[PDB]
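> sharing the initial chains of the complex here, in place:
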Amino acid sequence: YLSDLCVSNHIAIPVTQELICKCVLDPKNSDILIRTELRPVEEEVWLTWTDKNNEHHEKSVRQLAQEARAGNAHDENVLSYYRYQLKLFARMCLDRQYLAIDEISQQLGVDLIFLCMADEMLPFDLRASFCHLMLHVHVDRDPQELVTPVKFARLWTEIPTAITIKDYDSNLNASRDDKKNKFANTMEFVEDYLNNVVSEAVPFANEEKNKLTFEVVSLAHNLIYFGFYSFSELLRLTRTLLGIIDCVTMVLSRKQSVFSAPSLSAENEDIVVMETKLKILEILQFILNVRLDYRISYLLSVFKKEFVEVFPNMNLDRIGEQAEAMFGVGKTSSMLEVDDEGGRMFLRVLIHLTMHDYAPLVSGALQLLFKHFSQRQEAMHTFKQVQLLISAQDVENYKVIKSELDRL
């Protein structure tokens, strides 16, 4: 009831959220709240709770899970209470509620939640609860910020004569590596879980596993959108993502339409499976946007090389041939392609997703299907939108003008 109270219409309400955070986290009413700690016992997670009779009890999380599996009522009830507590905590931290986020981060660290997530002996739903808590408390915070897959502002001298996928990654690899150190273990766990899910047939067969994979896919989508995945890792992950959707505590908060082309100037019964498929589709759309960015960079590099060579007459035919090479006719761009079958797997997945009952999933599938065959037109339009600046001061002027115009 409290968890539903904090959030209304899937959007966090600041006032009631603040009141609930103050009341639950107040020094009083600590008996109701379960306490989680780490003990050397390497380290293990232990839960200590104060019973309504004022008799304190302590037990390891693994012991509680084993007892619940054996069918003991007390441990199962304690675990369910802990899950509802975790859901309430996650609702408290929704929409970057710093007041409660700070205290909850002090109470629960990244390592503890990662250990709980990676402890498969614990129940699947409990692991999903820790996945949700990790996504909201830690991954979504002040240091993390959204990224733009396509940048229409380029600097003439910074543009390399030749660009490669390795160079494209290395462009931002320093920042990505320095920011990914905290969540590197989480990324590895997510990748391992996705590989395990895709390896098994009929991945969406167990409801608890369905919830866990939905949480994992949400975490992966968040991390990708904050820019914590390199381009190469994204191309490696897209194959697995297509494999999962290969033909054989839920909040539906929607951000800016994922299925939107870059621009220079700006309740189903099985709804869990449909939502994870939709998240996978959003990830695939983001990957396609990064591919478009790489193609634009390649075109810009070719143009700059030709201009510098000609002007220390331009061979437009060679430029046209090079720009045609990327579109997938040749094997040079086979790396860019997100499918190993030449797009047959992607097209089949889109067709199998287009007739699903869920409406947002069908809309996304149709938009992706239409975007698939417009690679050339989209690339040309994106290149036309691109602007080149030879001075860094010009870049700063463009940035300030863009900010002012967007705000106005």
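Sure, I can see it. Residues are numbered from 1 along each chain as shown, chains lettered A, B, ... in the order given.

> ok, now how distant is the nearest residue to residue A:355 once chain neighbours are set aside from residue A:279?
Once flanking residues are discounted, residue A:355 sits nearest to residue A:362: 7.1 Å by C-beta to C-beta, 6 or more residues apart in numbering. Every C-beta, even on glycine, is put in place using the N, C-alpha and C of the backbone. Noted for residue A:362: a distance of 15 Å to residue A:279, by C-beta to C-beta, to the nearest Å.

> the more surrounded of these two?
When residue A:362 and residue A:279 are compared for neighbours, residue A:279 comes out ahead with 21 against 16, by other C-beta atoms under 10 Å.

> any idea which helix or strand comes after the helix or strand containing that one?
According to DSSP states H and E, residue A:279 maps onto helix A:271-310. Using DSSP H and E, the helix or strand that follows helix A:271-310 in sequence is helix A:316-324.

> and that following helix, what's buried?
Buried residues in helix A:316-324, defined by neighbour count with 16 or more other C-beta atoms under 10 Å: A:322, A:323.

> stretch A:389-408 too?
A:389, A:395.

> sorry, back to before: distance from the helix holding residue A:279 to the middle of the chain?
16 Å (C-alpha atoms, centre = their mean, to the nearest Å).

> for that helix, name the packing helices and strands.
helix A:165-180, helix A:207-225, helix A:231-244, helix A:316-324, helix A:344-354, helix A:359-372, helix A:375-385 (3 or more C-beta pairs under 8 Å, 6 or more residues apart in numbering; DSSP states H and E).

> partner strands of the helix or strand following the last one, with direction?
If I follow you right, that is helix A:375-385. Remark: after helix A:375-385, the chain's next helix or strand is strand A:387-389, criterion DSSP H and E. As defined by DSSP bridges, the strand partners of strand A:387-389 come to strand A:153-155 (parallel).

> list the buried residues for the partner strand?
Under 16+ other C-beta under 10 Å, the buried positions of strand A:153-155 are residue A:154.

> which residues are contacting it?
A:300, A:386, A:387, A:388, A:389, A:390, A:392, A:395, A:398, A:399 (C-beta atoms under 8 Å, 6 or more residues apart in numbering).

> throw chain B onto that model:
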Amino acid sequence: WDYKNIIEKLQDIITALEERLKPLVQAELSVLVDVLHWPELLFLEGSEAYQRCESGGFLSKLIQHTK
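Adding chain B to the chains above:
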């Protein structure tokens, strides 16, 4: 380097590329139309999705969702 010359060359290359790739875009759209014509061919014959596509499930769903 000259900014005006760079801009002029950028416009020239953009125009040349735009003129060059129109028939390829038209061919891609035609291939999309052809694929939409026979959606089942992509799927395996024994698959139920193939049967639905052959009977018009895909196109019927598209028509229903368009409105």
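
> check the buried residues of helix A:316-324 one more time with chain B there.
A:316, A:319, A:320, A:322, A:323, A:324 (16 or more other C-beta atoms under 10 Å in any protein chain shown).

> the third one is in contact with residue B:14, isn't it?
No. With contact taken as C-beta atoms under 8 Å, residue A:320 and residue B:14 are classed as non-touching, separated by 11.5 Å.

> what do those two both touch?
Shared contacts of residue A:320 and residue B:14, defined by C-beta atoms under 8 Å, 6 or more residues apart in numbering or on different chains, are absent.

> what's the longest helix in chain B?
Determined from DSSP state H, the single longest helix within chain B is helix B:3-20.

> who are the packing partners of that one?
Under the contact definition 3 or more C-beta pairs under 8 Å, 6 or more residues apart in numbering or on different chains; DSSP states H and E, helix B:3-20 sits against helix A:271-310, helix A:316-324, helix A:375-385, strand A:387-389.

> mind putting those into a markdown table with distance to chain B?
Listed next are those as a markdown table, based on distance: least, C-beta to the nearest C-beta, whole Å:
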| stretch | distance to chain B |
| --- | --- |
| helix A:271-310 | 5 |
| helix A:316-324 | 5 |
| helix A:375-385 | 5 |
| strand A:387-389 | 6 |
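
> could the ones you listed be laid out in JSON lines, adding distance to residue B:9?
What follows is the helices and strands packed on helix B:3-20, written out as JSON lines (distance: least, C-beta to C-beta, whole Å):
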{"stretch": "helix A:271-310", "distance to residue B:9": "5"}
{"stretch": "helix A:316-324", "distance to residue B:9": "10"}
{"stretch": "helix A:375-385", "distance to residue B:9": "14"}
{"stretch": "strand A:387-389", "distance to residue B:9": "10"}
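
> skipping adjacent residues, who's closest to residue A:156 in space?
In space, residue A:156 comes closest to residue A:390 once its chain neighbours are excluded; the distance is 4.2 Å by C-beta to C-beta, 6 or more residues apart in numbering or on different chains.

> I'd guessed the one you found sits against residue B:4; true?
No. Checked against C-beta under 8 Å, the pair residue A:390 and residue B:4 is beyond contact range at 10.8 Å.

> how about the strands of chain B, start to end?
Applying DSSP state E to chain B gives no strands.
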